[PDB]
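Trainee: The structure is given below, and queries will be raised subsequently.
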Amino acid sequence: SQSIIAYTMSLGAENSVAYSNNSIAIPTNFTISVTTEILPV
Amino acid sequence: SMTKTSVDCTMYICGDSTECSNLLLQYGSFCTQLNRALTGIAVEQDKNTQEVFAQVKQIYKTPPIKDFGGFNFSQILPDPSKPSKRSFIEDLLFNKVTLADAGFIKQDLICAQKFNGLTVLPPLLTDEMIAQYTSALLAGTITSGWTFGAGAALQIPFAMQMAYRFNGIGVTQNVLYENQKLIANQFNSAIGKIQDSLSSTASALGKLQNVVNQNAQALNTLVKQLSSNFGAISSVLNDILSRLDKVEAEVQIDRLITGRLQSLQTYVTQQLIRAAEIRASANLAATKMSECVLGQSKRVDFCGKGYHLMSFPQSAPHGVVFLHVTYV
Amino acid sequence: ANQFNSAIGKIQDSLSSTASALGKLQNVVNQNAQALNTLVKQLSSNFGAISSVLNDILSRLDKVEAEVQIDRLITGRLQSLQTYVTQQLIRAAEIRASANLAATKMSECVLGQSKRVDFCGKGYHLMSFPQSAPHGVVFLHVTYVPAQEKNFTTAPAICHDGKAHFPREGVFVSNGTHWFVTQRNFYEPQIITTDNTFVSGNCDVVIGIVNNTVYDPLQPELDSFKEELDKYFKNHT
Amino acid sequence: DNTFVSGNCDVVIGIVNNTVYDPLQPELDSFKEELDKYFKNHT
Ligand SMILES: *[C@@H]1O[C@H](CO)[C@@H](O[C@@H]2O[C@H](CO)[C@@H](O[C@H]3O[C@H](CO)[C@@H](O)[C@H](O)[C@@H]3O)[C@H](O)[C@H]2NC(C)=O)[C@H](O)[C@H]1NC(C)=O
Ligand SMILES: *[C@@H]1O[C@H](CO)[C@@H](O[C@@H]2O[C@H](CO)[C@@H](O[C@H]3O[C@H](CO)[C@@H](O)[C@H](O)[C@@H]3O)[C@H](O)[C@H]2NC(C)=O)[C@H](O)[C@H]1NC(C)=O
Ligand SMILES: *[C@@H]1O[C@H](CO)[C@@H](O[C@@H]2O[C@H](CO)[C@@H](O[C@H]3O[C@H](CO)[C@@H](O)[C@H](O)[C@@H]3O)[C@H](O)[C@H]2NC(C)=O)[C@H](O)[C@H]1NC(C)=O
Ligand SMILES: *[C@@H]1O[C@H](CO)[C@@H](O[C@@H]2O[C@H](CO)[C@@H](O[C@H]3O[C@H](CO)[C@@H](O)[C@H](O)[C@@H]3O)[C@H](O)[C@H]2NC(C)=O)[C@H](O)[C@H]1NC(C)=O
Ligand SMILES: *[C@@H]1O[C@H](CO)[C@@H](O[C@@H]2O[C@H](CO)[C@@H](O[C@H]3O[C@H](CO)[C@@H](O)[C@H](O)[C@@H]3O)[C@H](O)[C@H]2NC(C)=O)[C@H](O)[C@H]1NC(C)=O
Ligand SMILES: *[C@@H]1O[C@H](CO[C@@H]2O[C@@H](C)[C@@H](O)[C@@H](O)[C@@H]2O)[C@@H](O[C@@H]2O[C@H](CO)[C@@H](O)[C@H](O)[C@H]2NC(C)=O)[C@H](O)[C@H]1NC(C)=O
Ligand SMILES: *[C@@H]1O[C@H](CO)[C@@H](O)[C@H](O)[C@H]1NC(C)=O
Ligand SMILES: *[C@@H]1O[C@H](CO)[C@@H](O)[C@H](O)[C@H]1NC(C)=O
Ligand SMILES: *[C@@H]1O[C@H](CO)[C@@H](O)[C@H](O)[C@H]1NC(C)=O
Ligand SMILES: *[C@@H]1O[C@H](CO)[C@@H](O)[C@H](O)[C@H]1NC(C)=O
């Protein structure tokens, strides 16, 4: 059932930011994340 | 970025002759090596456009209620009336740069170039997609400040974000709230002066027009070298083959092959050296996207002549414009 | 510490699982090998000489004919080196850019902490650890990422006693019924006080100011001392 | 003035016991000895 598809790419997930003139979002918690980055030297 | 170009080294050197193509094979992998180099440049133009614009994994959108505390972004935000969602200031930039050969279906200078085996490839990201990424970066800025760069987009009122900015330049946040109606009028008037400037002068986009001009000039120089004899009795391959039998024709055709091949090796060398300049400029533009749009920079004169508050990206043909907002 | 230890665990799992993670280094090794192979393959080419093998030309022809064939091999061969060295000079400029970037990330992410957004990984930068790799460097960037947000109602200022108050550091928030200062990057609410805030101007000029009490930590000291003062008078009657 | 407070002592690994000076307190007490001298004279 596998085949090659072709499609217009999506740029990302859709996301409305819930803006209002007196609303703020503040993080109650955090994640410490470790991410590799690789450079030719 | 710059225009993606590829060349059929056989159609350029030997265009539609079998008896020239058998001599071109005696030069080994040189045609493949040129094709590779031009492909490496062409893939790098998407790498660059992706590193500059695709700095968000979510496409944010501005709310329907534009209560930004008196600041007026309607000349840098999208315009739903236009058949692409380009903003008012971006659709000035798309008029100022006078493009050439976008490779969108052929069916003139452009027709002369293509008919000699010089094809121009599409970019991966069309001008709608760059406008959407630019809209998302701007919507993240005017609703969430820097935080959509660091992690989740966290809403904040725009006047309170401007206060956090002011604190970032050692001006106490009450200096914003006590002057907010003035600070908004100054910002709105300064955005007005950008539209007037771009409507008035042609030279403002010279850094982008020079890239489009060098791509066109380098393609034209490579077409003009089809006119040259290189010491053969004619510059036209079919005439040599019409007038001479095989053992004399091979001596003339080899002069055209040798001269043409040097003409491609020159073009591909110039284009590799331009690709490294555009490559640098794209790494700078990606760094200004990350440090001036997704953040606020303490780096003096990196995000405009002043103390940096925030910057807004705008797409341009083969480029990016930053509207840097600075406290002076 | 448990989050850091688990995130370092995920790096070992990632590197054990995928091949494509080191593509930026394998592409350099591949281009060096491909450029060397292309330069060897151009020894096979005739360039229009009666053979690509130099000894055959010299075996079959005497000097004045051999010179005409050998010059075609020399000319083609030279152009093959001038091509290789040009490609390698242009690659050397790319690797040198990348090395100047890696040296800058060593200085600003390992020897320091960077305020440069997204320079030392996707997050707020804490620290980075260098690791060597064949022809390269890996940085393990450690970043604080804010994780579980709540909405709050907010205000630019509090109006207490004809005067407008602003946070010294942090932001004002309310859960709906009560108002607090919190630091901007982690929810830790504190009672609004003359220690948490500073004053500027009357309440009339700030768009969106809200009325709330502003605590003074000198006042219940002064009043608990006023009830001690009253007890001294009342006993001494 | 040099420090700020958060939580009780139980959660911080490696906390140490030491006095924490309050510069309001010897003012309030030097004022309590002025206050006592006013009472003691007015006896
Ligand atoms: C902040 O986010 C932390 C995760 O990054 C979170 O830690 C997690 O806490 C929950 C409990 O609240 C743990 O869930 C497990 O709890 C016990 C076993 O210990 C079981 O009864 C449950 O079924 C479940 O398995 C998570 O395992 C734990 N994760 C880690 C890495 O410690 C914090 O609790 C969050 N803190 C706040 C204040 O929101
Ligand atoms: C945000 O800034 C916008 C750009 O200045 C502004 O749009 C402008 O609005 C005025 C007022 O309507 C327009 O002025 C024209 O209005 C009608 C047009 O038919 C005429 O009767 C008037 O004589 C006058 O020509 C501007 O033309 C218009 N500009 C654009 C580009 O649309 C918004 O109104 C501002 N928004 C807020 C909330 O302040
Ligand atoms: C907004 O945050 C407020 C502070 O946390 C919170 O008010 C506090 O609510 C608790 C109960 O959850 C009260 O606790 C007292 O409740 C009775 C009082 O007679 C006693 O049984 C308890 O021992 C205790 O004394 C706090 O006193 C109260 N704090 C204040 C300053 O009033 C609100 O409930 C939160 N509002 C929302 C909408 O979540
Ligand atoms: C925040 O707190 C302020 C102080 O309590 C409050 O100001 C007060 O507002 C009322 C209503 O406007 C005024 O009431 C008087 O208004 C006029 C005379 O000025 C008369 O017509 C009325 O009958 C009535 O006497 C108070 O005088 C006024 N006080 C001060 C010092 O300004 C704000 O309205 C509060 N705002 C919010 C959003 O809570
Ligand atoms: C830092 O100062 C703390 C306050 O003085 C001190 O806590 C005190 O520790 C002792 C010894 O554990 C406790 O003594 C009592 O312990 C149990 C009952 O809880 C009884 O079996 C004992 O006989 C004795 O009565 C104190 O009650 C305890 N006080 C408090 C408020 O916790 C810390 O131990 C000191 N730590 C250091 C490192 O100096
Ligand atoms: C923060 O709140 C927004 C919406 O505002 C709230 O709307 C009321 C229902 C009430 O909760 C008020 O206190 C607020 O004013 C949230 O956005 C909504 O998210 C849900 C999915 O979770 C979605 O179905 C809705 O359509 C969204 N509405 C809008 C206008 O965007 C937002 O998710 C809240 N933040 C968090 C962390 O939950
Ligand atoms: C916020 O917006 C509402 C309308 O949604 C308006 O009534 C209110 O006055 C605004 N407040 C501020 C401080 O701008
Ligand atoms: C009341 O005053 C007397 C001196 O007249 C003093 O000895 C006593 O300790 C005082 N008691 C209290 C509760 O103040
Ligand atoms: C520090 O290390 C010693 C052992 O050398 C240990 O006894 C002590 O509990 C440790 N203290 C802290 C705060 O980690
Ligand atoms: C003592 O009280 C009297 C008033 O009764 C006053 O004149 C005098 O200055 C006071 N002296 C001291 C030392 O308080």
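Quick note on naming: the chains in the structure tokens go A, B, ... in the order shown, residues restart at 1 in each chain, and ligands are numbered from 1 in order of appearance.
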Set out as CSV a contact list for chain C and chain A with a cut-off of 6 Å, giving each residue of chain C that qualifies its closest atom pair and distance in Å to one decimal, counting only C-alpha atoms, ordered by chain and rising residue number.
Mentor:
residue,atom,partner,partner_atom,distance
C:3,CA,A:32,CA,5.8
C:7,CA,A:34,CA,5.4
C:25,CA,A:40,CA,5.7
C:98,CA,A:40,CA,6.0
C:99,CA,A:41,CA,4.5
C:135,CA,A:41,CA,5.7
C:136,CA,A:40,CA,4.3
C:137,CA,A:39,CA,5.5
C:138,CA,A:38,CA,4.6
C:139,CA,A:37,CA,5.2
C:140,CA,A:36,CA,4.6
C:141,CA,A:35,CA,5.4
C:142,CA,A:34,CA,4.6
C:143,CA,A:33,CA,5.4
C:144,CA,A:32,CA,4.8
C:145,CA,A:31,CA,5.2
C:146,CA,A:30,CA,4.3
C:147,CA,A:30,CA,4.5
C:148,CA,A:27,CA,5.1
C:149,CA,A:27,CA,3.9
C:150,CA,A:25,CA,5.4
C:151,CA,A:25,CA,4.5
C:152,CA,A:24,CA,5.4
C:153,CA,A:23,CA,4.8
C:154,CA,A:22,CA,5.1
C:186,CA,A:27,CA,5.2
C:187,CA,A:28,CA,4.8
Trainee: Could you write those residues out with N, CA and C atoms, as a CSV table (one decimal), in the first residue's frame?
Mentor:
chain,number,residue,atom,x,y,z
C,3,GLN,N,16.6,16.2,35.4
C,3,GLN,CA,16.3,16.6,34.0
C,3,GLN,C,17.6,16.7,33.2
C,7,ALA,N,18.4,14.3,30.1
C,7,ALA,CA,18.7,14.9,28.8
C,7,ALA,C,20.1,14.5,28.2
C,25,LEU,N,29.6,16.6,9.3
C,25,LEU,CA,31.0,16.2,9.3
C,25,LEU,C,31.2,15.1,8.2
C,98,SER,N,33.2,28.1,9.2
C,98,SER,CA,32.7,27.2,10.2
C,98,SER,C,33.7,27.0,11.4
C,99,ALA,N,35.0,27.0,11.2
C,99,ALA,CA,35.9,27.0,12.3
C,99,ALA,C,36.0,28.3,13.1
C,135,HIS,N,37.4,15.6,12.5
C,135,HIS,CA,37.3,16.9,11.7
C,135,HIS,C,36.4,18.0,12.2
C,136,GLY,N,35.9,17.8,13.5
C,136,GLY,CA,34.8,18.7,14.0
C,136,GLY,C,34.8,18.9,15.5
C,137,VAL,N,33.8,19.7,15.9
C,137,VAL,CA,33.4,19.8,17.3
C,137,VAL,C,31.9,19.6,17.5
C,138,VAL,N,31.5,18.9,18.5
C,138,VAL,CA,30.1,18.9,19.0
C,138,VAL,C,30.0,19.7,20.2
C,139,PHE,N,29.0,20.6,20.3
C,139,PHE,CA,28.6,21.2,21.5
C,139,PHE,C,27.3,20.6,22.0
C,140,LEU,N,27.3,20.2,23.3
C,140,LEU,CA,26.1,19.9,24.0
C,140,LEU,C,25.7,21.1,24.8
C,141,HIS,N,24.7,21.9,24.2
C,141,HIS,CA,24.2,23.1,24.8
C,141,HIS,C,23.1,22.7,25.8
C,142,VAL,N,23.3,23.2,27.0
C,142,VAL,CA,22.3,23.1,28.1
C,142,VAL,C,21.4,24.3,28.2
C,143,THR,N,20.1,24.2,28.0
C,143,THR,CA,19.2,25.3,28.0
C,143,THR,C,18.0,25.2,28.9
C,144,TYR,N,17.7,26.2,29.6
C,144,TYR,CA,16.4,26.4,30.3
C,144,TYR,C,15.3,26.7,29.3
C,145,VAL,N,14.3,25.8,29.2
C,145,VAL,CA,13.1,26.0,28.4
C,145,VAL,C,11.9,26.2,29.3
C,146,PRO,N,11.1,27.3,29.3
C,146,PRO,CA,9.9,27.4,30.1
C,146,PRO,C,8.8,26.5,29.6
C,147,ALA,N,8.1,25.7,30.5
C,147,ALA,CA,7.4,24.5,30.1
C,147,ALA,C,5.8,24.5,30.3
C,148,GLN,N,5.3,24.9,31.5
C,148,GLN,CA,3.9,24.8,31.8
C,148,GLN,C,3.3,26.1,32.1
C,149,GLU,N,2.9,26.9,31.1
C,149,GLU,CA,2.3,28.2,31.3
C,149,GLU,C,0.9,28.2,31.8
C,150,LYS,N,0.6,29.2,32.7
C,150,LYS,CA,-0.8,29.6,33.0
C,150,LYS,C,-1.1,31.0,32.6
C,151,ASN,N,-2.3,31.3,32.2
C,151,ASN,CA,-2.8,32.7,32.0
C,151,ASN,C,-3.0,33.4,33.3
C,152,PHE,N,-2.8,34.7,33.3
C,152,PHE,CA,-3.1,35.6,34.3
C,152,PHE,C,-3.6,36.9,33.8
C,153,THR,N,-4.4,37.7,34.5
C,153,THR,CA,-4.6,39.1,34.3
C,153,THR,C,-3.5,39.9,34.7
C,154,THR,N,-3.1,41.0,34.0
C,154,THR,CA,-1.9,41.8,34.3
C,154,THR,C,-2.2,43.3,34.3
C,186,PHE,N,9.4,32.6,35.5
C,186,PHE,CA,9.0,31.5,36.4
C,186,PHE,C,8.0,32.0,37.4
C,187,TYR,N,6.8,31.4,37.5
C,187,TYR,CA,5.7,31.8,38.4
C,187,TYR,C,6.1,31.5,39.8
Trainee: Could you work out which residues of chain D fall inside 12 Å of chain C? Count only C-alpha atoms, and format the result as a short mmCIF file (atom, residue, chain, number, x, y, z; two decimals) with C-alpha atoms, in the first residue's frame.
Mentor:
data_model
loop_
_atom_site.label_atom_id
_atom_site.label_comp_id
_atom_site.auth_asym_id
_atom_site.auth_seq_id
_atom_site.Cartn_x
_atom_site.Cartn_y
_atom_site.Cartn_z
CA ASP D 1 19.22 44.77 52.74
CA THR D 3 19.59 39.36 51.08
CA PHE D 4 16.08 38.18 50.13
CA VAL D 5 13.95 35.33 51.56
CA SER D 6 12.29 32.28 49.96
CA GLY D 7 10.79 29.19 51.69
CA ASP D 22 17.85 43.74 60.41
CA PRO D 23 18.86 47.42 60.27
CA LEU D 24 15.36 48.52 61.42
CA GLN D 25 15.79 46.64 64.73
CA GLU D 27 16.72 51.87 65.41
CA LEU D 28 13.47 50.50 66.95
CA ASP D 29 15.41 49.46 70.12
CA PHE D 31 13.98 54.38 70.16
CA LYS D 32 12.68 51.89 72.84
CA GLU D 33 15.44 53.13 75.24
CA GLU D 34 14.47 56.77 74.46
CA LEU D 35 10.83 55.64 75.09
CA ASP D 36 11.84 54.02 78.42
CA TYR D 38 10.61 59.31 78.82
CA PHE D 39 8.50 56.92 80.99
CA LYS D 40 11.16 56.63 83.78
CA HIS D 42 7.78 61.01 83.94
CA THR D 43 7.19 58.55 86.91
#
Trainee: Please identify the alpha helix (DSSP H) residues within chain C (assignment by DSSP from backbone atoms) and present them as a PyMOL selection string.
Mentor: chain C and resi 2-17+23-41+54-60+63-105+219-236
Trainee: Starting from chain B, keep only residues with some atom at most 10 Å from an atom of chain A, counting only C-alpha atoms, and report them as an MDAnalysis selection string.
Mentor: chainID B and resid 54 56:69 124:125 129:130 132:133 136 139:140 142:144 151:160
Trainee: Atom CA of residue B:249 and atom CA of residue C:63, how far apart in Å?
Mentor: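 Separation between atom CA of residue C:63 and atom CA of residue B:249: 26.3 Å.
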Trainee: Ligand 2: which residues are within 7 Å, counting only C-alpha atoms and all ligand atoms? Reply as number ranges by chain.
Mentor: B: 72-75
Trainee: If you run DSSP on this backbone, which residues of stretch 47-234 of chain B come out as strand (DSSP E), and could you give them as a list in words?
Mentor: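 Output for stretch 47-234 of chain B, strand (DSSP E) only: residues 58, 59, 60, 61, 118, 119 and 120 of chain B.
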Trainee: What is the distance between atom CA of residue C:213 and atom 23 (O, counted along the ligand's line) of ligand 4, in Å to one decimal?
Mentor: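 Interatomic distance here is 22.9 Å.
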Trainee: For ligand 5, collect every residue having any atom at a distance of at most 10 Å from a ligand atom (counting only C-alpha atoms and all ligand atoms); output as JSON, numbers by chain.
Mentor: {"D": [9, 10, 14, 15, 16, 17, 18]}
Trainee: In Å, how far is it from atom CA of residue B:262 to atom CA of residue B:30?
Mentor: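 Calculated distance between atom CA of residue B:262 and atom CA of residue B:30 is 10.4 Å.
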Trainee: Give as a ChimeraX atom specification the residues surrounding ligand 3 up to a distance of 10 Å, considering only C-alpha atoms and all ligand atoms.
Mentor: /C:174-180,189-191
